[PDB]
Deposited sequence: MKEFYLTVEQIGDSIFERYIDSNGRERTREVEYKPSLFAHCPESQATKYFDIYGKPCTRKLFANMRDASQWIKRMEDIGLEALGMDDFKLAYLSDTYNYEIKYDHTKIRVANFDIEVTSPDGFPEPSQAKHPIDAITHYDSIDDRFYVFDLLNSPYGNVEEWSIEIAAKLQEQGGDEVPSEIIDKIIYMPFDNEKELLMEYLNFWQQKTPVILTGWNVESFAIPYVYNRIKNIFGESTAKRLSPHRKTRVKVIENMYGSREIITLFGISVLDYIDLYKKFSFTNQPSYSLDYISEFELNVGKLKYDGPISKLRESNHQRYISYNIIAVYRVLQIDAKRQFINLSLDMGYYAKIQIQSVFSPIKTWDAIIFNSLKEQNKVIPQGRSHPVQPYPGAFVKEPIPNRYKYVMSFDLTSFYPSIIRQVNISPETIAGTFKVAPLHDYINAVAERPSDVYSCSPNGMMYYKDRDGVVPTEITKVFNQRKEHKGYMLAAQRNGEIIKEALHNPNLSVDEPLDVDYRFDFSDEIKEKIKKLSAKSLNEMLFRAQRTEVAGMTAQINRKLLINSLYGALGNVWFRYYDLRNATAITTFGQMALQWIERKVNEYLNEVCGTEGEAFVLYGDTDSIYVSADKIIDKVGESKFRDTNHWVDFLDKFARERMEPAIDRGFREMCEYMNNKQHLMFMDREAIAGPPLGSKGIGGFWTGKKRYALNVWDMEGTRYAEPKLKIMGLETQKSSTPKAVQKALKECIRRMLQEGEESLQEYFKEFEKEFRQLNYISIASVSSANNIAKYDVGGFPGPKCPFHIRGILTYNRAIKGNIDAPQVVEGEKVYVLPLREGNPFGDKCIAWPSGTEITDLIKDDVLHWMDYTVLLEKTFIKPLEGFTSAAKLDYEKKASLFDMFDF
């Protein structure tokens, strides 16, 4: 097989690399890499190297990496540019692996681990590491085994061995319900003291050294705690055995927080993977909370506080440690962020941990792309931060909208890049710009007949291929493939959801199919014969396939969009606001241009004139009021809801899209662009159910609307799905129960009507005080707590949630055992009625947790339900209903005087 790297590090004049050889074995080699950098030279000096602008350069080979660094500094002192890859690790990887890396994941040691630390005095600071590590579970992906290190003897208690029999038993059975599919993969090891556990762990680590190291919060807790604990006990030299190169780096942040860097290891903390790649914003990021959200597994329920869990129930203590490690594996099997990371990493030829940085990722990609043409990359330069203009957003008239069709452009900014051919080395020149609306209205003089143009004034060559458009097209093509798989899985999902209305009573088995492809007629035929058993399991498998596809497409989308954004970041080698602005300005033109073209087409094809059909639009989308389109054919001529949905689908697909294609084709001509790539396709088909009192949709303002959707990008929903953007139902700061209640109000408004809404509202208002306090608590990040802390009391302009935290601190003040609110993390927030014993109007505590028993009963007693209902529920509901022009409560009328 082709060789491929695992990890790479620069240590002085040496590149330390771990790699899988052509025989499949893991090796490690120390290479004294001789890097090359470049300097401009006279034209007369023949060469094969040129910078991206065509200027010749001479290659400077250095005896070592240190000599190359010094040269860079002297070239700075002289005042001349030093070209080439200054991150020598990237240069090494590029040289060593001059080919598309095909890797074998089964050969990469992926380690998932989690540790337990009993601490009687609050959170055990990893920097201090004063308390014993009394449990470690370490999953090795090559062995496919859970290595469990259990401390039986500790200054905090002596305990019996953990029982795997009991662990496997149902909770109802007194057991721990450690998933049966892993019981056989557990390798259990008890220890009579910590030193022996730790030393044993280090020896295990040496035989099975992680390449990818992950887990939940491993970077901020597990790793630094293990490192410092071992360092405190055995000394630093022993601690450094955690690095296959015996080199670590302690980077410190004073508030004492430490982040350790283990050379030769790529740490991908899963919480960081999840935050960057999941596209969620969660009220809490405890593994308990995320596991529930992702896998629908129950919360690991134990009696008593964690600080006393080991002493009282060591059996469950260890089982929960094992389960916590497995839950991250389960989440990854679903989301597949480790696969994504490996993929990206080997594509760009970077350290795997650098997938968190789109700039490093693209710098490496572009660099490799340019290296192949014997071209030389420019030196990084210093730039001041500058604001610059972005997308256009249409101000919508607040109102209801019965029938709505939406259209969106495909990969807008990356497409704009490819079309215009925007790249650092494809810049041709500039032109005198007319006001933006002159280009939008097609009044302005054609910018150029020789070059490709943006309305920001930039001109680019139409013949020369750009390195940026070239490499952004490659990833875009990947993105497009996976989206195909995603949508197919989605369409298959719906097919199964409908079939679940004819559950055929029988004992059957789930059909063998690749959900990434639209079910064949044969398969669709079979499906209509299965029962809830086989159907529900195919639905699950279809949804897992869809999610896997989502991860792959949405993060390649993120990557390419991040290349756009990078052009607007001063730390990007190819930073250039000429290009970044060329993209955004072109975008503003494109959108408002098609707004006009679409309006023109519809006023004509409908017959009317001067009517505004586009009611809203954001960046690259338009929402077309389709009332007049439906009215033409009249509602009578429709058999059911699905009928007119078919109608609009066909209408948009047959008439509107070709018209839009024509509109953009002309625009591309106007700007003399390299290639027409403005592909606007239909998005949503929304409207109330046929013959109902539902309003279909509504807008309250920019980025705040709801739509009752029947079709989305070709997927016809078995049941109508609510598309809600911006509204309180979508925000993580909104209490769970309020989100749910607000959503039902919206569903009722859009699907059923005013009467139904008032019915539900009256009900919710009556019963809402029985809601669990957590479900009705607000959520918020807690930044700069100390900034507003004046003697434990709110300083000037102290934010509401911060006030709540202070209230909390005072309430628990003194109790070293009470849960502490962490700077930067999130908190639940509740209002307290006047006269409460807390001495303030609100209180806050760490999100995703029950508030400490110390004060729980008092908080429950003094909750201000009235303020809760009015601030979090009624006010937003008032905004929804006012805009749509409805009332959530029956108004008083002249009829109120009749019996």
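Residues 256 to 258, 903 of the deposited sequence have no C-alpha coordinates in the model.
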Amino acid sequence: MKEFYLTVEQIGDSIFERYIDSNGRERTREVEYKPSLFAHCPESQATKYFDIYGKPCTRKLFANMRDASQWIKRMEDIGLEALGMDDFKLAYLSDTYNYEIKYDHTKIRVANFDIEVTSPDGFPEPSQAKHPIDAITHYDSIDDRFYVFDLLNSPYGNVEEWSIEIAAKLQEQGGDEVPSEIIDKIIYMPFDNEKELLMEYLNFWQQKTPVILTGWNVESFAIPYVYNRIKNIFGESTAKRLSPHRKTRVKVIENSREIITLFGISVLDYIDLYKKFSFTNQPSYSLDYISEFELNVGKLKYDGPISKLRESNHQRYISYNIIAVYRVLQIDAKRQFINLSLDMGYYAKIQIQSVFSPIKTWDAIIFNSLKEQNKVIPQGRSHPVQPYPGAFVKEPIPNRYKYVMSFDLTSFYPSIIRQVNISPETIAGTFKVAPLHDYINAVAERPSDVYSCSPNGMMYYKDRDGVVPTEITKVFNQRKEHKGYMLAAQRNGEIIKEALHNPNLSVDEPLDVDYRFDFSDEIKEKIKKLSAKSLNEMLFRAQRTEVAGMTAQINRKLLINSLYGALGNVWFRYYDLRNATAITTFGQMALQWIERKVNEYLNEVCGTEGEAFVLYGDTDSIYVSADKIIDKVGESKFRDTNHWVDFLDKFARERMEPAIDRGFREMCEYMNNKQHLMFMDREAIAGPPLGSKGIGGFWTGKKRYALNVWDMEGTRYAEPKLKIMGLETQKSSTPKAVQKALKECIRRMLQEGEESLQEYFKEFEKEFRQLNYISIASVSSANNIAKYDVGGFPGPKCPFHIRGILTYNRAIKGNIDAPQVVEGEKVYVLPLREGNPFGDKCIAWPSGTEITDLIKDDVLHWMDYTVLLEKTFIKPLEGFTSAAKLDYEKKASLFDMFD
From here on, numbers count along this sequence of modelled residues.
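Modelled in this chain, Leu591 is likewise resolved in all the other entries of the protein that span it on both sides, not missing from even a third of them. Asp332, modelled here, also has coordinates in every other compared entry of this protein that models residues flanking it, well short of the third needed to call it frequently missing. Taking the PDB entry as given, 70 to 78 carries the higher mean Cα B factor of the two stretches 70 to 78 and 390 to 398. On average the C-alpha atoms of 115 to 123 have higher B-factors than those of the other stretch, with 139 to 147 and 115 to 123 being the two compared. When the C-alpha B-factors of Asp272, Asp184, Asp332, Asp518 are read from the PDB record, the largest value belongs to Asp518. If you compare the C-alpha temperature factors of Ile874, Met863, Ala39, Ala844 in the entry, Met863 comes out highest. In the deposited entry, the Cα temperature factor of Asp438 places it in the middle third of its chain's modelled residues. Among the modelled residues of the chain, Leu6 sits in the lowest third by CA temperature factor in this PDB entry. In the deposited entry, the Cα temperature factor of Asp618 sits in the bottom third of values across the chain's modelled residues.
For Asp104, the recorded CA B-factor ranks within the middle third of the chain. Only modelled residues enter the ranking. In the PDB entry, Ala364 places in the lowest third of its chain by CA B-factor.
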